[PDB]
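Student: Input: one structure, supplied below.
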Amino acid sequence: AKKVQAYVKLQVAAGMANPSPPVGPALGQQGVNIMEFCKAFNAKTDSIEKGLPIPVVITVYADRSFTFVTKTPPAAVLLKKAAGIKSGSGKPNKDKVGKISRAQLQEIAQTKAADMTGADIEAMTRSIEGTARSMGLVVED
Amino acid sequence: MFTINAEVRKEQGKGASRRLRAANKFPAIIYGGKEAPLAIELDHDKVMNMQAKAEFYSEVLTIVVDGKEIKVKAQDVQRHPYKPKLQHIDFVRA
Amino acid sequence: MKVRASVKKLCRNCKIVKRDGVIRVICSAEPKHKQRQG
Amino acid sequence: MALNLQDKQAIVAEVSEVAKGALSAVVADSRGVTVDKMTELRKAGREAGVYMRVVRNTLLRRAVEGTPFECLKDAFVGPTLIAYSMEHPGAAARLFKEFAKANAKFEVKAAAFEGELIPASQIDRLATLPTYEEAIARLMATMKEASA
RNA sequence: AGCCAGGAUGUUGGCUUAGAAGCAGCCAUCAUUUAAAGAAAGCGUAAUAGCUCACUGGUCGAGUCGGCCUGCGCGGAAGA
Ligand SMILES: [Mg+2]
Ligand SMILES: [Mg+2]
Ligand SMILES: [Mg+2]
Ligand SMILES: [Zn+2]
């Protein structure tokens with residue numbers, strides 16, 4: 001990749017690649033093939049895990065078929081199934097409501113090693129500070 | 001550190017005071033100690049810029065009135081009722 | 001164009017010009033901001 | 001910008017890299033994207049991390065203010081846009097190599113690579129380098145010399 | 001001041017919304033990578049997208065920026 005051309009990312013799902021009300025048609029309809037994300041995706045699905053958030057880019061020009069790419073999960077979301085609470089407030093952030101796991105934030109961030117600029121993997125942590133002071137939820141460090 | 005050149009007042013009274021102020025000067029007075037008071041006339045824009053710093057009212061400061069250095073402290077200021085200018089100052093002898 | 005007595009810049013692209021005896025406002029982005037009698 | 005108290009640090013720091021360095025390259029980033037820096041930072045990355053720089057400064061007035069120190073071969077580089085690269089550890093290395101390979105992927109010009117300092121001279125891409133540790137090319141020079 | 005460049009990654013921050021993805025609102029406004037780049041000063045969008053700014057690198061080559069106080073003027077100003 002030394003040249004971007006077309007990319008729309010709308011976090012899909014693994015266990016069955018065959019939506020319809022969420023995405024379905026709207027994921028493939030301008031030279032894209034609905035028949036091949038269940039031939040090709042699931043070929044890169046089961047090696048890892050299934051069910052949870054999947055942003056994604058594909059290689060469709062106007063060339064009929066294509067080839068599918070993978071990505072990475074959102075980072076403040078690894079503070080849901082990778083922290084506690086699943087909203088983020090409840091008392092609008094006029095109140096500092098949330099609550100953290102200091103141990104986590106490094107290895108749970110580190111899981112997103114393949115998409116960050118910090119050389120120091122510790123730096124990749126310091127990013128997650130603000131990503132996790134996104135409400136004003138203090139970490140019991 | 002504040003060095004204020006000044007001159008003894010040759011004229012006093014409402015008449016002169018006003019005149020002074022027309023010419024960017026302005027009267028003030030040094031009193032204190034056991035010696036007599038002294039009628040001063042100061043250059044306006046100067047004291048203005050000086051008194052812009054808060055230290056002016058805290059620090060001891062020096063007035064060079066006909067070559068002496070009297071060395072005093074700002075007791076009281078008279079500002080214009082609605083302009084940004086100074087009318088008069090009381091200096092206490094330190 | 002608006003005429004008004006007080007004219008003043010509106011957009012960051014509004015410009016103000018004194019043509020003839022009259023003070024004006026020209027906006028390169030937004031026609032609504034033209035002004036005269038300034 | 002900042003006053004002198006800051007134009008001095010960009011010096012005392014950047015010139016103690018020259019005073020305490022290894023190799024120097026060259027490059028003019030007219031069109032220097034950010035996928036640009038991103039990459040070359042992973043390269044600095046492989047090439048340790050933050051052992052490398054590129055601090056755009058070609059204000060003669062800056063990264064020449066570090067030259068009448070060492071590398072006065074650069075009164076001549078410093079004109080126009082430049083991206084100065086210093087090495088601390090590492091071989092007089094590969095740093096050299098990918099700048100040509102990078103910019104030869106379009107990746108903008110390379111100042112024709114006006115070149116620099118290890119010797120005290122100019123241009124020409126060399127891999128006379130990171131063979132370094134290719135002392136094995138003097139290990140194979142053993143048994144093959146002993147046998148043949 | 002022009003002109004060339006860049007103007008990025010966590011990430012659509014969080015919340016709230018049918019949708020708030022820098023930019024309707026609320027709270028936060030850190031951290032990376034850096035030469036510099038606001039969790040964004042404006043255009044834009046259904047929302048994204050898209051165009052700029054701040055900021056920094058280059059070019060250029062000596063002055064330049066904007067407040068305070070004051071003098072004289074300009075618009076505002078149509079009638080039998
Ligand atoms: Mg009278
Ligand atoms: Mg006309
Ligand atoms: Mg009239
Ligand atoms: Zn406008």
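Each chain of the structure tokens is named A, B, ... in the order shown, its residues numbered from 1; ligands are numbered from 1 in display order.
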Could you report the residues within 12 Å of ligand 2, using only C-alpha atoms (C1' of nucleotides) and all ligand atoms, as number ranges by chain?
Tutor: C: 18-24, 36
Student: Taking only C-alpha atoms into account and nothing else, which residues of chain A lie no more than 10 Å away from chain D? Please answer as a list in words.
Tutor: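 Filtering chain A at 10 Å from chain D with only C-alpha atoms gives residues 2, 116, 117, 118, 119 and 120 of chain A.
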Student: Taking a cut-off of 9 Å and counting only C-alpha atoms and all ligand atoms, can you build a table that, for each residue of chain B near ligand 1, reports the nearest atom pair and how far apart they are in Å (one decimal), sorted by chain then residue number, as a tab-separated table?
Tutor:
residue	atom	partner	partner_atom_place_in_ligand_line	distance
B:13	CA	ligand 1	1 (Mg)	8.9
B:14	CA	ligand 1	1 (Mg)	6.3
B:15	CA	ligand 1	1 (Mg)	4.9
B:16	CA	ligand 1	1 (Mg)	8.6
B:18	CA	ligand 1	1 (Mg)	8.7
Student: Work out how far CA of residue 42 (chain B) is from CA of residue 6 (chain B), in Å to one decimal.
Tutor: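 Between CA of residue 6 (chain B) and CA of residue 42 (chain B) the gap works out to 5.1 Å.
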Student: What do you get as a list in words if you pick all residues at most 9 Å from ligand 4, counting only C-alpha atoms (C1' of nucleotides) and all ligand atoms?
Tutor: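 Residues satisfying the distance criterion: residues 9, 10, 11, 12, 13, 14, 15, 25, 26, 27, 28, 29, 30, 31, 32, 33 and 34 of chain C.
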Student: List all protein, DNA and RNA residues that have at least one atom no more than 12 Å from any atom of ligand 3, counting only C-alpha atoms (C1' of nucleotides) and all ligand atoms, and write them as a PDB file with N, CA, C and O atoms (P, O5', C5', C4', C3', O3' and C1' of nucleotides), in the first residue's frame.
Tutor:
ATOM      1  P     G E  75     -19.147  62.232   4.754  1.00  0.00           P
ATOM      2  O5'   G E  75     -19.779  60.803   5.017  1.00  0.00           O
ATOM      3  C5'   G E  75     -19.874  59.870   3.956  1.00  0.00           C
ATOM      4  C4'   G E  75     -20.253  58.499   4.441  1.00  0.00           C
ATOM      5  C3'   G E  75     -21.647  58.342   5.017  1.00  0.00           C
ATOM      6  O3'   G E  75     -22.652  58.237   4.021  1.00  0.00           O
ATOM      7  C1'   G E  75     -20.100  57.278   6.425  1.00  0.00           C
ATOM      8  P     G E  76     -24.064  58.973   4.209  1.00  0.00           P
ATOM      9  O5'   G E  76     -24.560  58.411   5.599  1.00  0.00           O
ATOM     10  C5'   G E  76     -24.843  57.027   5.749  1.00  0.00           C
ATOM     11  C4'   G E  76     -25.169  56.699   7.176  1.00  0.00           C
ATOM     12  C3'   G E  76     -26.279  57.543   7.759  1.00  0.00           C
ATOM     13  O3'   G E  76     -27.550  57.026   7.440  1.00  0.00           O
ATOM     14  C1'   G E  76     -24.450  57.482   9.256  1.00  0.00           C
ATOM     15  P     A E  77     -28.843  57.928   7.674  1.00  0.00           P
ATOM     16  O5'   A E  77     -28.595  59.265   6.859  1.00  0.00           O
ATOM     17  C5'   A E  77     -29.585  59.717   5.949  1.00  0.00           C
ATOM     18  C4'   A E  77     -29.320  61.119   5.473  1.00  0.00           C
ATOM     19  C3'   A E  77     -28.151  61.259   4.513  1.00  0.00           C
ATOM     20  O3'   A E  77     -28.378  62.319   3.594  1.00  0.00           O
ATOM     21  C1'   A E  77     -27.679  62.435   6.494  1.00  0.00           C
ATOM     22  P     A E  78     -28.949  62.003   2.129  1.00  0.00           P
ATOM     23  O5'   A E  78     -30.522  61.851   2.359  1.00  0.00           O
ATOM     24  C5'   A E  78     -31.358  62.941   2.755  1.00  0.00           C
ATOM     25  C4'   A E  78     -32.771  62.792   2.229  1.00  0.00           C
ATOM     26  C3'   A E  78     -33.728  63.953   2.428  1.00  0.00           C
ATOM     27  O3'   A E  78     -33.523  64.975   1.472  1.00  0.00           O
ATOM     28  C1'   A E  78     -34.816  61.919   2.921  1.00  0.00           C
ATOM     29  P     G E  79     -33.753  66.510   1.854  1.00  0.00           P
ATOM     30  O5'   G E  79     -35.297  66.692   1.620  1.00  0.00           O
ATOM     31  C5'   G E  79     -35.855  66.389   0.366  1.00  0.00           C
ATOM     32  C4'   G E  79     -37.142  67.129   0.166  1.00  0.00           C
ATOM     33  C3'   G E  79     -37.200  68.552   0.722  1.00  0.00           C
ATOM     34  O3'   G E  79     -37.791  69.414  -0.248  1.00  0.00           O
ATOM     35  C1'   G E  79     -39.043  67.291   1.497  1.00  0.00           C
TER      36        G E  79
END
Student: At a cut-off of 8 Å, list the chain D residues touching chain E, using only C-alpha atoms (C1' of nucleotides), as a list in words.
Tutor: residues 29, 30, 31, 32, 33, 34, 38, 55, 56, 57, 80 and 81 of chain D
Student: Please run DSSP on the backbone and report, as a ChimeraX atom specification, all residues within chain D that come out as helix (DSSP H, G or I).
Tutor: /D:4-7,9-18,34-46,60-63,95-103,134-138,140-147
Student: Limited to C-alpha atoms, could you put the picked residues into a file as a compact mmCIF listing (two decimals), in the first residue's frame?
Tutor:
# COMPACT_ATOMS: atom_id res chain seq x y z
CA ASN D 4 17.36 32.16 21.46
CA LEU D 5 17.21 30.09 24.65
CA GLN D 6 15.54 27.60 22.30
CA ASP D 7 17.47 28.16 19.08
CA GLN D 9 19.17 23.81 22.29
CA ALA D 10 18.33 22.73 18.76
CA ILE D 11 22.07 23.42 18.38
CA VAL D 12 23.82 22.05 21.51
CA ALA D 13 21.73 18.89 21.10
CA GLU D 14 22.02 18.48 17.34
CA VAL D 15 25.76 19.22 17.21
CA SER D 16 26.69 16.72 19.92
CA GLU D 17 25.27 14.14 17.52
CA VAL D 18 27.90 15.17 15.01
CA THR D 34 3.58 11.88 6.54
CA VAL D 35 3.33 8.28 5.50
CA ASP D 36 6.83 9.48 4.67
CA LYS D 37 7.99 10.17 8.21
CA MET D 38 5.82 7.31 9.59
CA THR D 39 7.87 4.74 7.65
CA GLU D 40 11.49 6.11 8.11
CA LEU D 41 10.84 6.14 11.97
CA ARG D 42 10.16 2.45 11.80
CA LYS D 43 13.37 2.44 9.72
CA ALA D 44 15.08 4.45 12.45
CA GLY D 45 13.05 1.88 14.33
CA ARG D 46 14.95 -1.06 12.81
CA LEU D 60 22.18 27.06 7.20
CA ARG D 61 21.44 29.26 10.16
CA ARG D 62 20.79 25.98 12.13
CA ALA D 63 22.27 22.66 10.96
CA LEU D 95 20.73 4.39 6.42
CA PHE D 96 22.50 5.16 3.21
CA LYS D 97 20.76 2.39 1.30
CA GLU D 98 17.02 2.94 1.78
CA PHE D 99 17.18 6.66 1.27
CA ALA D 100 17.99 5.85 -2.37
CA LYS D 101 15.60 2.91 -2.44
CA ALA D 102 12.91 4.98 -0.66
CA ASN D 103 13.17 8.10 -2.89
CA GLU D 134 30.24 -9.88 7.04
CA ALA D 135 33.53 -10.74 8.59
CA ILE D 136 32.06 -14.12 7.57
CA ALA D 137 33.20 -12.95 4.13
CA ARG D 138 36.55 -13.42 5.87
CA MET D 140 34.64 -18.26 4.19
CA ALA D 141 37.97 -16.69 3.14
CA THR D 142 39.52 -19.13 5.65
CA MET D 143 38.48 -22.79 4.89
CA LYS D 144 38.20 -22.01 1.14
CA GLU D 145 41.74 -20.49 1.27
CA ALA D 146 42.98 -23.44 3.42
CA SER D 147 41.34 -26.04 1.05
Student: So how many Å separate CA of residue 45 (chain A) and CA of residue 14 (chain A), to one decimal?
Tutor: 6.1 Å
Student: Once you count only C-alpha atoms (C1' of nucleotides), what closest atom pair and distance in Å to one decimal does each residue of chain A within 6 Å of chain E have, with rows by chain and rising residue number, as a Markdown table?
Tutor:
| residue | atom | partner | partner_atom | distance |
| --- | --- | --- | --- | --- |
| A:93 | CA | E:27 | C1' | 4.2 |
| A:94 | CA | E:27 | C1' | 5.3 |
| A:116 | CA | E:9 | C1' | 5.8 |
| A:117 | CA | E:33 | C1' | 5.4 |
| A:118 | CA | E:32 | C1' | 5.8 |
| A:126 | CA | E:31 | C1' | 5.4 |
| A:127 | CA | E:31 | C1' | 3.8 |
| A:130 | CA | E:30 | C1' | 4.4 |
| A:134 | CA | E:14 | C1' | 4.8 |
| A:135 | CA | E:14 | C1' | 5.2 |
Student: Those selected residues, please, written with N, CA, C and O atoms and delivered as a compact mmCIF listing (two decimals), in the first residue's frame.
Tutor:
# COMPACT_ATOMS: atom_id res chain seq x y z
N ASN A 93 -20.74 13.84 31.71
CA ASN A 93 -19.41 14.01 32.28
C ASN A 93 -19.16 15.39 32.92
O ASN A 93 -18.04 15.91 32.92
N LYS A 94 -20.22 15.94 33.49
CA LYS A 94 -20.14 16.96 34.54
C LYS A 94 -19.72 16.24 35.86
O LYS A 94 -19.24 16.88 36.80
N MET A 116 0.16 1.69 15.78
CA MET A 116 0.52 2.83 16.61
C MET A 116 1.92 3.33 16.35
O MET A 116 2.82 2.60 15.94
N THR A 117 2.11 4.61 16.66
CA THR A 117 3.30 5.32 16.26
C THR A 117 4.45 5.27 17.27
O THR A 117 5.62 5.28 16.88
N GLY A 118 4.11 5.20 18.55
CA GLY A 118 5.11 5.12 19.61
C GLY A 118 6.11 4.00 19.39
O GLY A 118 5.72 2.86 19.14
N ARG A 126 1.09 5.40 27.11
CA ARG A 126 0.80 6.78 27.47
C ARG A 126 -0.30 7.36 26.56
O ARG A 126 -1.03 8.28 26.95
N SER A 127 -0.45 6.79 25.37
CA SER A 127 -1.55 7.20 24.52
C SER A 127 -2.85 6.75 25.17
O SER A 127 -3.82 7.51 25.22
N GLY A 130 -5.05 9.12 27.90
CA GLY A 130 -6.12 10.00 27.48
C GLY A 130 -7.26 9.26 26.84
O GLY A 130 -8.43 9.65 26.99
N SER A 134 -11.04 9.40 29.03
CA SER A 134 -12.00 9.86 28.05
C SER A 134 -13.26 10.36 28.71
O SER A 134 -14.10 10.98 28.07
N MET A 135 -13.39 10.09 30.00
CA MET A 135 -14.54 10.52 30.78
C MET A 135 -14.02 11.32 31.96
O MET A 135 -14.56 12.37 32.32
Student: I need the contact residues of chain B against chain E, so if you could list those with any atom within 12 Å, counting only C-alpha atoms (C1' of nucleotides), and return them as a PyMOL selection string, that would help.
Tutor: chain B and resi 24+44-45+48-49+83-85
Student: Report, in Å with one decimal, the straight-line distance from CA of residue 23 (chain A) to CA of residue 58 (chain A).
Tutor: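 CA of residue 58 (chain A) lies at a distance of 14.7 Å from CA of residue 23 (chain A).
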Student: Excluding residue 139 (chain A) and its own-chain neighbours fewer than 3 positions away, which residues fall within 10 Å of it when counting only C-alpha atoms (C1' of nucleotides)? Please give them as a list in words.
Tutor: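 The residues that qualify are residues 98, 99, 100, 101, 102, 103, 105, 129, 132, 133 and 136 of chain A.
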Student: Using only C-alpha atoms (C1' of nucleotides), determine which residues lie at most 9 Å from residue 7 (chain A), disregarding the query and same-chain residues fewer than 3 positions distant; provide the list as a ChimeraX atom specification.
Tutor: /A:4,56-59
